[PDB]
>>> print(open('final_9.pdb').read())   # PDB, C-alpha atoms and all ligand atoms
ATOM      1  CA  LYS A  50      89.337 101.046 114.144
ATOM      2  CA  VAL A  51      89.202  97.571 115.758
ATOM      3  CA  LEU A  52      91.159  94.492 114.700
ATOM      4  CA  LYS A  53      89.892  91.087 115.799
ATOM      5  CA  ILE A  54      91.203  87.512 115.386
ATOM      6  CA  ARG A  55      89.267  84.521 116.640
ATOM      7  CA  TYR A  56      89.761  80.766 117.081
ATOM      8  CA  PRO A  57      88.288  78.551 115.736
ATOM      9  CA  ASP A  58      86.532  80.917 113.218
ATOM     10  CA  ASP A  59      89.664  82.119 111.522
ATOM     11  CA  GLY A  60      91.246  78.616 111.288
ATOM     12  CA  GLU A  61      94.003  76.803 113.054
ATOM     13  CA  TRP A  62      96.352  79.719 113.270
ATOM     14  CA  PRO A  63      94.501  83.089 113.669
ATOM     15  CA  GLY A  64      96.893  86.048 113.504
ATOM     16  CA  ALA A  65      97.094  89.550 112.092
ATOM     17  CA  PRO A  66      99.366  92.542 111.788
ATOM     18  CA  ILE A  67      98.909  95.764 113.737
ATOM     19  CA  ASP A  68      99.707  98.470 111.157
ATOM     20  CA  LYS A  69      98.289 101.720 112.493
ATOM     21  CA  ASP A  70      99.740 103.962 109.724
ATOM     22  CA  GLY A  71      98.664 101.450 107.025
ATOM     23  CA  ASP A  72     102.201 101.525 105.565
ATOM     24  CA  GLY A  73     102.583  97.742 105.013
ATOM     25  CA  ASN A  74     105.122  97.303 107.804
ATOM     26  CA  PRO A  75     103.403  96.169 111.023
ATOM     27  CA  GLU A  76     104.369  97.763 114.377
ATOM     28  CA  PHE A  77     103.426  94.489 116.078
ATOM     29  CA  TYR A  78     101.877  91.150 115.118
ATOM     30  CA  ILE A  79      99.225  89.235 117.116
ATOM     31  CA  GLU A  80      98.656  85.466 117.180
ATOM     32  CA  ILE A  81      96.297  83.289 119.194
ATOM     33  CA  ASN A  82      98.936  80.525 118.754
ATOM     34  CA  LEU A  83      97.159  77.509 120.292
ATOM     35  CA  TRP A  84     100.089  75.448 119.030
ATOM     36  CA  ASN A  85      99.573  72.405 121.245
ATOM     37  CA  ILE A  86      95.782  72.174 121.050
ATOM     38  CA  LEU A  87      94.379  69.544 118.702
ATOM     39  CA  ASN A  88      90.746  70.249 119.498
ATOM     40  CA  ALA A  89      88.707  72.209 121.999
ATOM     41  CA  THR A  90      85.153  73.553 122.406
ATOM     42  CA  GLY A  91      84.656  77.241 122.995
ATOM     43  CA  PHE A  92      86.665  80.083 121.527
ATOM     44  CA  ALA A  93      89.589  82.454 121.911
ATOM     45  CA  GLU A  94      89.421  86.047 120.722
ATOM     46  CA  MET A  95      92.093  88.804 120.539
ATOM     47  CA  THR A  96      91.057  92.402 119.831
ATOM     48  CA  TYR A  97      93.063  95.475 119.327
ATOM     49  CA  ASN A  98      91.435  98.852 119.411
ATOM     50  CA  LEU A  99      93.652 101.027 117.246
ATOM     51  CA  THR A 100      91.732 104.137 118.442
ATOM     52  CA  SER A 101      91.916 103.537 122.196
ATOM     53  CA  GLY A 102      95.239 101.592 122.236
ATOM     54  CA  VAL A 103      94.239  98.417 124.133
ATOM     55  CA  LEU A 104      94.866  94.767 123.319
ATOM     56  CA  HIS A 105      92.304  92.461 124.953
ATOM     57  CA  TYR A 106      92.462  88.664 124.914
ATOM     58  CA  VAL A 107      89.439  86.565 125.920
ATOM     59  CA  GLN A 108      89.629  82.726 126.022
ATOM     60  CA  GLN A 109      86.956  80.129 127.030
ATOM     61  CA  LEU A 110      88.167  76.775 125.991
ATOM     62  CA  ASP A 111      86.837  73.443 127.180
ATOM     63  CA  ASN A 112      87.140  69.808 126.128
ATOM     64  CA  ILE A 113      90.823  70.490 125.396
ATOM     65  CA  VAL A 114      92.754  67.669 123.688
ATOM     66  CA  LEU A 115      96.485  68.338 123.182
ATOM     67  CA  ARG A 116      98.601  67.582 120.196
ATOM     68  CA  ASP A 117     101.469  66.193 122.467
ATOM     69  CA  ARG A 118     101.364  66.034 126.253
ATOM     70  CA  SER A 119     105.153  66.157 126.299
ATOM     71  CA  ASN A 120     104.921  69.849 125.181
ATOM     72  CA  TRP A 121     103.187  70.503 128.534
ATOM     73  CA  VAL A 122     101.471  73.858 127.808
ATOM     74  CA  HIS A 123      98.551  74.298 125.439
ATOM     75  CA  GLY A 124      99.488  77.457 123.594
ATOM     76  CA  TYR A 125     100.979  80.959 123.798
ATOM     77  CA  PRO A 126      98.517  83.735 122.681
ATOM     78  CA  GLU A 127     100.835  86.649 122.115
ATOM     79  CA  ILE A 128     101.898  89.872 120.501
ATOM     80  CA  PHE A 129     105.386  90.283 119.071
ATOM     81  CA  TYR A 130     107.866  92.667 117.447
ATOM     82  CA  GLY A 131     110.443  91.488 114.917
ATOM     83  CA  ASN A 132     110.476  88.304 112.829
ATOM     84  CA  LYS A 133     108.897  85.275 114.514
ATOM     85  CA  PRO A 134     111.050  82.434 113.159
ATOM     86  CA  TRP A 135     108.310  79.743 113.209
ATOM     87  CA  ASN A 136     106.205  81.329 110.445
ATOM     88  CA  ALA A 137     106.075  84.094 107.835
ATOM     89  CA  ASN A 138     104.715  86.692 110.268
ATOM     90  CA  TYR A 139     106.719  89.806 111.163
ATOM     91  CA  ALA A 140     106.523  93.343 112.490
ATOM     92  CA  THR A 141     109.468  95.713 111.866
ATOM     93  CA  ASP A 142     107.972  99.235 112.165
ATOM     94  CA  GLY A 143     109.737 100.261 115.404
ATOM     95  CA  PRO A 144     112.926 101.778 116.771
ATOM     96  CA  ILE A 145     114.868  98.547 117.416
ATOM     97  CA  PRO A 146     116.228  96.916 114.210
ATOM     98  CA  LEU A 147     115.210  93.297 114.726
ATOM     99  CA  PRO A 148     116.440  90.972 113.487
ATOM    100  CA  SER A 149     120.036  91.954 114.115
ATOM    101  CA  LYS A 150     123.109  90.025 115.198
ATOM    102  CA  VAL A 151     123.579  90.157 118.948
ATOM    103  CA  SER A 152     127.136  91.553 118.430
ATOM    104  CA  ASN A 153     125.651  94.589 116.616
ATOM    105  CA  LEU A 154     122.556  95.323 118.635
ATOM    106  CA  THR A 155     121.841  98.133 120.995
ATOM    107  CA  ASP A 156     120.683  97.341 124.509
ATOM    108  CA  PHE A 157     117.075  98.390 124.995
ATOM    109  CA  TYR A 158     114.439  98.632 127.670
ATOM    110  CA  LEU A 159     111.164  96.800 127.263
ATOM    111  CA  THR A 160     108.170  98.353 129.063
ATOM    112  CA  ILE A 161     104.817  96.582 129.226
ATOM    113  CA  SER A 162     101.599  97.705 130.879
ATOM    114  CA  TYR A 163      99.231  94.813 131.411
ATOM    115  CA  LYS A 164      96.712  92.992 133.555
ATOM    116  CA  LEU A 165      96.233  89.193 133.791
ATOM    117  CA  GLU A 166      93.063  87.376 134.822
ATOM    118  CA  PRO A 167      93.403  83.581 134.595
ATOM    119  CA  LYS A 168      90.262  81.911 135.841
ATOM    120  CA  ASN A 169      89.816  79.082 138.366
ATOM    121  CA  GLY A 170      93.551  78.399 139.075
ATOM    122  CA  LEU A 171      94.516  77.890 135.389
ATOM    123  CA  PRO A 172      98.349  77.453 135.286
ATOM    124  CA  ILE A 173      99.801  80.351 133.283
ATOM    125  CA  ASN A 174     102.784  82.558 132.814
ATOM    126  CA  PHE A 175     103.340  85.955 131.327
ATOM    127  CA  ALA A 176     106.485  85.394 129.341
ATOM    128  CA  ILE A 177     108.614  87.546 127.076
ATOM    129  CA  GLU A 178     110.738  85.554 124.686
ATOM    130  CA  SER A 179     113.267  85.784 121.883
ATOM    131  CA  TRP A 180     114.652  83.322 119.422
ATOM    132  CA  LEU A 181     118.357  83.498 118.441
ATOM    133  CA  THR A 182     119.057  82.009 115.016
ATOM    134  CA  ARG A 183     122.064  81.457 112.777
ATOM    135  CA  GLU A 184     120.426  83.181 109.722
ATOM    136  CA  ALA A 185     119.143  86.706 109.651
ATOM    137  CA  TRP A 186     115.494  86.068 108.622
ATOM    138  CA  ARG A 187     114.436  82.552 109.634
ATOM    139  CA  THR A 188     110.853  81.421 108.892
ATOM    140  CA  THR A 189     110.992  77.639 109.091
ATOM    141  CA  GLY A 190     111.727  76.793 112.754
ATOM    142  CA  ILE A 191     114.748  76.335 115.018
ATOM    143  CA  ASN A 192     117.877  74.102 114.962
ATOM    144  CA  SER A 193     119.892  72.462 117.682
ATOM    145  CA  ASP A 194     122.716  75.103 117.578
ATOM    146  CA  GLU A 195     120.270  77.993 118.298
ATOM    147  CA  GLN A 196     118.676  79.440 121.455
ATOM    148  CA  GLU A 197     115.335  80.267 122.959
ATOM    149  CA  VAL A 198     115.374  82.892 125.757
ATOM    150  CA  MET A 199     112.311  83.494 127.907
ATOM    151  CA  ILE A 200     111.706  85.964 130.705
ATOM    152  CA  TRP A 201     108.730  85.185 132.952
ATOM    153  CA  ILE A 202     107.407  88.188 134.887
ATOM    154  CA  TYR A 203     104.293  86.341 136.106
ATOM    155  CA  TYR A 204     103.553  82.681 136.678
ATOM    156  CA  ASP A 205     101.168  80.454 138.653
ATOM    157  CA  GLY A 206     101.547  76.737 138.546
ATOM    158  CA  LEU A 207     104.205  76.470 135.795
ATOM    159  CA  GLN A 208     107.932  75.858 136.048
ATOM    160  CA  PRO A 209     110.449  76.388 133.200
ATOM    161  CA  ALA A 210     111.891  73.423 131.309
ATOM    162  CA  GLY A 211     115.148  71.868 132.430
ATOM    163  CA  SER A 212     117.219  72.459 135.519
ATOM    164  CA  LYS A 213     117.654  75.496 137.746
ATOM    165  CA  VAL A 214     121.108  76.938 137.226
ATOM    166  CA  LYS A 215     121.308  79.948 139.542
ATOM    167  CA  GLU A 216     119.605  83.124 140.691
ATOM    168  CA  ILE A 217     120.606  86.556 139.396
ATOM    169  CA  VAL A 218     119.787  90.124 140.255
ATOM    170  CA  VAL A 219     118.281  92.331 137.509
ATOM    171  CA  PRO A 220     117.313  95.971 138.079
ATOM    172  CA  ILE A 221     113.777  96.533 136.782
ATOM    173  CA  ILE A 222     111.028  99.130 137.194
ATOM    174  CA  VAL A 223     107.739  97.995 138.758
ATOM    175  CA  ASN A 224     104.832 100.444 138.851
ATOM    176  CA  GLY A 225     107.213 103.391 138.440
ATOM    177  CA  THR A 226     109.762 102.337 141.157
ATOM    178  CA  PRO A 227     113.207 101.065 140.194
ATOM    179  CA  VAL A 228     113.887  97.871 142.175
ATOM    180  CA  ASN A 229     116.476  95.084 142.292
ATOM    181  CA  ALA A 230     114.560  91.903 141.427
ATOM    182  CA  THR A 231     115.641  88.299 141.574
ATOM    183  CA  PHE A 232     115.349  85.940 138.586
ATOM    184  CA  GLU A 233     115.875  82.196 138.680
ATOM    185  CA  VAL A 234     117.892  81.026 135.639
ATOM    186  CA  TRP A 235     116.827  77.674 134.117
ATOM    187  CA  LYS A 236     118.474  75.809 131.256
ATOM    188  CA  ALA A 237     117.295  72.923 129.051
ATOM    189  CA  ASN A 238     118.156  71.120 125.833
ATOM    190  CA  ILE A 239     114.818  70.623 124.034
ATOM    191  CA  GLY A 240     115.935  70.412 120.390
ATOM    192  CA  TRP A 241     117.665  73.771 120.821
ATOM    193  CA  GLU A 242     119.181  75.451 123.864
ATOM    194  CA  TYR A 243     116.571  76.931 126.187
ATOM    195  CA  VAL A 244     117.304  79.530 128.852
ATOM    196  CA  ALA A 245     114.494  80.887 131.010
ATOM    197  CA  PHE A 246     114.545  83.635 133.613
ATOM    198  CA  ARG A 247     111.729  83.324 136.130
ATOM    199  CA  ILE A 248     111.110  86.248 138.471
ATOM    200  CA  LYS A 249     110.862  85.142 142.146
ATOM    201  CA  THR A 250     108.128  87.695 142.862
ATOM    202  CA  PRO A 251     105.511  87.410 140.110
ATOM    203  CA  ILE A 252     103.698  90.559 138.977
ATOM    204  CA  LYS A 253     100.099  89.893 137.932
ATOM    205  CA  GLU A 254      99.390  93.456 136.702
ATOM    206  CA  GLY A 255     100.933  96.894 136.317
ATOM    207  CA  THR A 256     103.713  98.462 134.413
ATOM    208  CA  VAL A 257     107.097  96.704 134.213
ATOM    209  CA  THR A 258     110.311  97.789 132.551
ATOM    210  CA  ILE A 259     113.190  95.328 132.007
ATOM    211  CA  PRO A 260     116.684  95.813 130.542
ATOM    212  CA  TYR A 261     116.878  93.279 127.734
ATOM    213  CA  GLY A 262     120.689  93.030 127.672
ATOM    214  CA  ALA A 263     120.891  91.872 131.276
ATOM    215  CA  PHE A 264     119.080  88.700 130.206
ATOM    216  CA  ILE A 265     120.789  88.150 126.835
ATOM    217  CA  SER A 266     124.190  88.679 128.529
ATOM    218  CA  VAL A 267     123.500  85.906 131.073
ATOM    219  CA  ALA A 268     122.020  83.668 128.347
ATOM    220  CA  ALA A 269     125.270  84.200 126.368
ATOM    221  CA  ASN A 270     127.450  83.518 129.415
ATOM    222  CA  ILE A 271     125.803  80.256 130.343
ATOM    223  CA  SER A 272     125.336  79.035 126.764
ATOM    224  CA  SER A 273     126.929  75.872 125.416
ATOM    225  CA  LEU A 274     126.519  77.118 121.839
ATOM    226  CA  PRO A 275     129.510  78.046 119.682
ATOM    227  CA  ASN A 276     129.941  81.578 118.287
ATOM    228  CA  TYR A 277     127.053  82.902 120.342
ATOM    229  CA  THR A 278     127.422  86.575 119.407
ATOM    230  CA  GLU A 279     126.950  85.675 115.721
ATOM    231  CA  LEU A 280     123.348  84.663 116.448
ATOM    232  CA  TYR A 281     120.514  87.037 115.355
ATOM    233  CA  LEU A 282     117.966  88.216 117.908
ATOM    234  CA  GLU A 283     114.978  87.587 115.711
ATOM    235  CA  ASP A 284     112.093  88.985 117.754
ATOM    236  CA  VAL A 285     110.563  89.905 121.142
ATOM    237  CA  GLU A 286     107.316  87.993 121.825
ATOM    238  CA  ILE A 287     104.989  88.777 124.774
ATOM    239  CA  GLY A 288     102.201  86.359 125.721
ATOM    240  CA  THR A 289     100.735  83.921 128.198
ATOM    241  CA  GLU A 290     101.572  80.290 128.035
ATOM    242  CA  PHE A 291      98.824  78.290 129.743
ATOM    243  CA  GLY A 292      97.721  74.822 130.714
ATOM    244  CA  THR A 293      99.275  71.436 131.655
ATOM    245  CA  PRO A 294      98.644  67.996 130.487
ATOM    246  CA  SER A 295      95.961  67.681 133.240
ATOM    247  CA  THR A 296      94.080  70.861 132.231
ATOM    248  CA  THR A 297      90.942  70.237 130.153
ATOM    249  CA  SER A 298      89.342  73.715 130.542
ATOM    250  CA  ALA A 299      91.244  76.963 130.205
ATOM    251  CA  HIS A 300      89.422  80.289 130.745
ATOM    252  CA  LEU A 301      91.621  83.375 130.707
ATOM    253  CA  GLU A 302      91.440  87.058 130.010
ATOM    254  CA  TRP A 303      94.181  89.683 129.766
ATOM    255  CA  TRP A 304      94.890  93.190 128.590
ATOM    256  CA  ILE A 305      97.996  94.981 127.352
ATOM    257  CA  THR A 306      97.818  98.790 127.028
ATOM    258  CA  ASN A 307     101.334  99.603 126.092
ATOM    259  CA  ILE A 308     104.513  98.022 124.794
ATOM    260  CA  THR A 309     107.535 100.252 124.346
ATOM    261  CA  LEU A 310     111.075  99.346 123.281
ATOM    262  CA  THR A 311     113.562 102.075 124.200
ATOM    263  CA  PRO A 312     117.010 101.983 122.630
ATOM    264  CA  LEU A 313     120.043 102.716 124.835
ATOM    265  CA  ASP A 314     123.392 103.838 123.809
ATOM    266  CA  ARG A 315     125.342 100.771 124.813
ATOM    267  CA  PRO A 316     125.903  97.239 123.496
ATOM    268  CA  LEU A 317     123.302  94.555 124.172
ATOM    269  CA  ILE A 318     125.941  92.121 125.511
ATOM    270  CA  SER A 319     128.157  93.089 128.464
TER     271      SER A 319
HETATM  272  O1  LIG B   1     101.278  81.359 110.578
HETATM  273  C1  LIG B   1     100.567  80.364 109.829
HETATM  274  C2  LIG B   1     101.512  79.217 109.629
HETATM  275  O2  LIG B   1     101.681  78.590 110.939
HETATM  276  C3  LIG B   1     102.651  77.547 110.909
HETATM  277  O3  LIG B   1     102.669  77.028 112.253
HETATM  278  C4  LIG B   1     103.513  77.724 113.210
HETATM  279  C5  LIG B   1     102.700  78.671 114.081
HETATM  280  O4  LIG B   1     102.260  79.807 113.323
HETATM  281  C6  LIG B   1     103.580  79.211 115.227
HETATM  282  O5  LIG B   1     102.789  80.068 116.049
HETATM  283  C7  LIG B   1     104.111  78.054 115.978
HETATM  284  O6  LIG B   1     105.004  78.547 116.986
HETATM  285  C8  LIG B   1     105.152  77.689 118.113
HETATM  286  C9  LIG B   1     106.002  78.490 119.165
HETATM  287  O7  LIG B   1     105.241  79.654 119.591
HETATM  288  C10 LIG B   1     106.306  77.553 120.301
HETATM  289  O8  LIG B   1     107.123  78.219 121.273
HETATM  290  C11 LIG B   1     107.182  77.545 122.561
HETATM  291  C12 LIG B   1     108.581  76.888 122.719
HETATM  292  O9  LIG B   1     108.817  75.856 121.740
HETATM  293  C13 LIG B   1     108.703  76.306 124.114
HETATM  294  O10 LIG B   1     110.017  75.796 124.317
HETATM  295  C14 LIG B   1     108.527  77.394 125.251
HETATM  296  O11 LIG B   1     108.341  76.721 126.419
HETATM  297  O12 LIG B   1     107.141  77.883 124.923
HETATM  298  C15 LIG B   1     107.008  78.570 123.650
HETATM  299  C16 LIG B   1     105.681  79.241 123.665
HETATM  300  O13 LIG B   1     104.662  78.309 124.097
HETATM  301  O14 LIG B   1     107.061  76.469 119.814
HETATM  302  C17 LIG B   1     106.349  75.583 118.937
HETATM  303  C18 LIG B   1     107.325  74.465 118.534
HETATM  304  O15 LIG B   1     107.504  73.529 119.615
HETATM  305  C19 LIG B   1     105.843  76.345 117.770
HETATM  306  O16 LIG B   1     104.957  75.472 117.107
HETATM  307  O17 LIG B   1     104.933  77.295 115.083
HETATM  308  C20 LIG B   1     104.133  76.690 114.083
HETATM  309  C21 LIG B   1     105.029  75.647 113.326
HETATM  310  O18 LIG B   1     105.429  74.651 114.349
HETATM  311  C22 LIG B   1     102.072  76.385 110.071
HETATM  312  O19 LIG B   1     103.075  75.350 110.014
HETATM  313  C23 LIG B   1     101.837  76.941 108.660
HETATM  314  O20 LIG B   1     101.250  75.880 107.865
HETATM  315  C24 LIG B   1     100.914  78.168 108.683
HETATM  316  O21 LIG B   1     100.755  78.682 107.367
HETATM  317 CA    CA B   2     103.239 100.486 109.997
HETATM  318 CA    CA B   3     108.247  85.272 110.685
END
>>> encode(input="final_9.pdb", output="structure tokens", more="lines below")
Ligand SMILES: OC[C@H]1O[C@@H](O[C@H]2[C@H](O)[C@@H](O)[C@H](O[C@@H]3[C@@H](O)[C@H](O[C@H]4[C@H](O)[C@@H](O)[C@H](O)O[C@@H]4CO)O[C@H](CO)[C@H]3O)O[C@@H]2CO)[C@H](O)[C@@H](O)[C@@H]1O
Ligand SMILES: [Ca+2]
Ligand SMILES: [Ca+2]
Amino acid sequence: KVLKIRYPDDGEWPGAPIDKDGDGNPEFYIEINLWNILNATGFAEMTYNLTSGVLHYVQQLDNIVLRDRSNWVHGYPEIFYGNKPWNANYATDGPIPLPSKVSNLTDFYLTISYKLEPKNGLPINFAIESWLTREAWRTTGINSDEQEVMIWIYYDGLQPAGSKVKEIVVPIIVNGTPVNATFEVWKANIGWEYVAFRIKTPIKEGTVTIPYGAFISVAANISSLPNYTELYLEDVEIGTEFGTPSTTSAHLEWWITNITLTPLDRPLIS
């Protein structure tokens, strides 16, 4: 009834599938993903109560030494749907067929109910991201003709990579009320093309619905990549990046009670 992963007990890369019907196809996949931490004291723990429906992340890390300061953040504990293209983990038991080529995909809403509690001014975000790859089922990383898209609905003390391009309006739902929100658009070349959308009014808790195609359509429009609509939307990842090169302790807790992807009857890109 309860799934738990823990760093450092489970190794360098704790992770597990959420497979509530035990059918061998996960609905979601969880990872602690401390990808830029070389060593730390303390622990990080992610639990998922299958019975009550709550994901709870608890982190108390100290003595943090990074693998590369130039990566800036320490890690990205997360839950995702689809095929994460950095490893052999995947979750495909859901209504949206990911991976699929962006030219063939439905638009969809993403709704998340959550609460964030970073401690002591820890720099964090709450970021949704997707990777867009040239092959359908990538498991060995990302190339320079591919894209990373993030959507930050909370942040404190972090800025996206690269340069600010523009601001856009995206209609979202916040705590049940539809509302025009503003997103900053940022773009970088970091070994692949990176496009980030950073809300101008961060939301530290509640229920938020976003239209995924509004973001992928702007990412397509501003891209420098050839043949963009041939790329595959591999996954949708939801997690909190945290830390800076100056951060040596990182205590954080969060909860997610619901993630829903709702297909629409319209193309992703418009
Ligand atoms: O699963 C076990 C296998 O793990 C392999 O290592 C993987 C690791 O699982 C995976 O989680 C890691 O992914 C990170 C990716 O989350 C991160 O994304 C960044 C992004 O680059 C950055 O631009 C944006 O700002 O933030 C994102 C979130 O913080 O990117 C880094 C690459 O820079 C990824 O490392 O990828 C690992 C491989 O690099 C082990 O290799 C394997 O042995 C093991 O069996
Ligand atoms: Ca399943
Ligand atoms: Ca994978």
>>> residues_near_ligand(input="final_9.pdb", ligand="ligand CA 3 (chain B)", cutoff="9 Å", atoms="all atoms listed in the file", output="list in words")
residues 131, 132, 133, 134, 135, 136, 137, 138, 139, 140, 186, 187, 188, 189, 283 and 284 of chain A
>>> atom_distance(input="final_9.pdb", atom1="CA of residue 182 (chain A)", atom2="atom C22 of ligand LIG 1 (chain B)")
18.6 Å
>>> residues_near_ligand(input="final_9.pdb", ligand="ligand CA 2 (chain B)", cutoff="8 Å", atoms="all atoms listed in the file", output="MDAnalysis selection string")
chainID A and resid 67:76 142
>>> atom_distance(input="final_9.pdb", atom1="CA of residue 128 (chain A)", atom2="atom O13 of ligand LIG 1 (chain B)")
12.4 Å
>>> residues_near_ligand(input="final_9.pdb", ligand="ligand LIG 1 (chain B)", cutoff="7 Å", atoms="only C-alpha atoms and all ligand atoms", output="VMD selection string")
chain A and resid 62 80 82 84 122 124 to 125 135 to 138 190 210 243 290
>>> residues_near_point(input="final_9.pdb", point="(120.4, 84.6, 134.3)", cutoff="12 Å", atoms="only C-alpha atoms", output="MDAnalysis selection string")
chainID A and resid 198:201 213:219 230:236 243:248 261:272
>>> atom_distance(input="final_9.pdb", atom1="CA of residue 89 (chain A)", atom2="CA of residue 54 (chain A)")
16.9 Å
>>> residues_around(input="final_9.pdb", residues="residue 61 (chain A)", least_positions_apart="4", cutoff="10 Å", atoms="only C-alpha atoms", output="ChimeraX atom specification")
/A:55-57,81-84,86-88
>>> residues_around(input="final_9.pdb", residues="residue 66 (chain A)", least_positions_apart="5", cutoff="7 Å", atoms="only C-alpha atoms", output="PyMOL selection string")
chain A and resi 75+77-79
>>> resolve_selection(input="final_9.pdb", expression="the PyMOL selection byres (((chain A and resi 165) around 12) and not hetatm)", output="ChimeraX atom specification")
/A:104-107,162-164,166-168,171,173-176,202-205,251-256,288-291,300-306
>>> decode(input="final_9.pdb", residues="region 208-227 of chain A", atoms="N, CA and C atoms", output="JSON list (two decimals), in the first residue's frame")
[["chain", "number", "residue", "atom", "x", "y", "z"],
["A", 208, "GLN", "N", 16.61, 31.53, -11.63],
["A", 208, "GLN", "CA", 16.26, 32.06, -12.94],
["A", 208, "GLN", "C", 16.57, 31.01, -14.01],
["A", 209, "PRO", "N", 15.78, 30.96, -15.07],
["A", 209, "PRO", "CA", 16.09, 29.96, -16.14],
["A", 209, "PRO", "C", 17.41, 30.23, -16.80],
["A", 210, "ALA", "N", 17.97, 29.21, -17.46],
["A", 210, "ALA", "CA", 19.19, 29.40, -18.27],
["A", 210, "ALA", "C", 18.91, 30.35, -19.44],
["A", 211, "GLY", "N", 20.00, 30.95, -19.90],
["A", 211, "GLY", "CA", 19.95, 31.73, -21.15],
["A", 211, "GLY", "C", 19.47, 33.14, -20.97],
["A", 212, "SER", "N", 18.83, 33.61, -22.04],
["A", 212, "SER", "CA", 18.34, 34.98, -22.17],
["A", 212, "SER", "C", 16.83, 35.05, -22.15],
["A", 213, "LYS", "N", 16.29, 36.13, -21.66],
["A", 213, "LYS", "CA", 14.83, 36.33, -21.73],
["A", 213, "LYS", "C", 14.51, 36.74, -23.14],
["A", 214, "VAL", "N", 13.55, 36.10, -23.75],
["A", 214, "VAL", "CA", 13.08, 36.37, -25.08],
["A", 214, "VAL", "C", 11.90, 37.31, -25.07],
["A", 215, "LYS", "N", 10.83, 36.97, -24.36],
["A", 215, "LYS", "CA", 9.60, 37.75, -24.40],
["A", 215, "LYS", "C", 8.70, 37.36, -23.22],
["A", 216, "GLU", "N", 7.55, 37.97, -23.12],
["A", 216, "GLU", "CA", 6.52, 37.49, -22.22],
["A", 216, "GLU", "C", 5.34, 37.11, -23.10],
["A", 217, "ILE", "N", 4.61, 36.07, -22.65],
["A", 217, "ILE", "CA", 3.39, 35.63, -23.33],
["A", 217, "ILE", "C", 2.24, 35.53, -22.32],
["A", 218, "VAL", "N", 1.03, 35.56, -22.85],
["A", 218, "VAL", "CA", -0.12, 35.23, -22.07],
["A", 218, "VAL", "C", -0.52, 33.77, -22.28],
["A", 219, "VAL", "N", -0.83, 33.06, -21.17],
["A", 219, "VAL", "CA", -1.37, 31.69, -21.29],
["A", 219, "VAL", "C", -2.57, 31.65, -20.38],
["A", 220, "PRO", "N", -3.71, 31.19, -20.87],
["A", 220, "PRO", "CA", -4.86, 30.97, -19.96],
["A", 220, "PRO", "C", -4.65, 29.71, -19.15],
["A", 221, "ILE", "N", -4.77, 29.84, -17.84],
["A", 221, "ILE", "CA", -4.59, 28.68, -16.94],
["A", 221, "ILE", "C", -5.75, 28.69, -16.00],
["A", 222, "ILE", "N", -5.82, 27.64, -15.16],
["A", 222, "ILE", "CA", -6.79, 27.62, -14.02],
["A", 222, "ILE", "C", -6.04, 27.59, -12.73],
["A", 223, "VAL", "N", -6.30, 28.48, -11.82],
["A", 223, "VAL", "CA", -5.62, 28.49, -10.50],
["A", 223, "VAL", "C", -6.68, 28.38, -9.44],
["A", 224, "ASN", "N", -6.64, 27.32, -8.64],
["A", 224, "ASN", "CA", -7.58, 27.14, -7.54],
["A", 224, "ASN", "C", -9.03, 27.32, -8.05],
["A", 225, "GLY", "N", -9.30, 26.71, -9.22],
["A", 225, "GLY", "CA", -10.65, 26.59, -9.74],
["A", 225, "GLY", "C", -11.04, 27.79, -10.61],
["A", 226, "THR", "N", -10.27, 28.88, -10.63],
["A", 226, "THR", "CA", -10.65, 30.07, -11.44],
["A", 226, "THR", "C", -9.80, 30.17, -12.67],
["A", 227, "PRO", "N", -10.45, 30.16, -13.87],
["A", 227, "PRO", "CA", -9.68, 30.44, -15.09],
["A", 227, "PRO", "C", -9.13, 31.87, -15.04]]
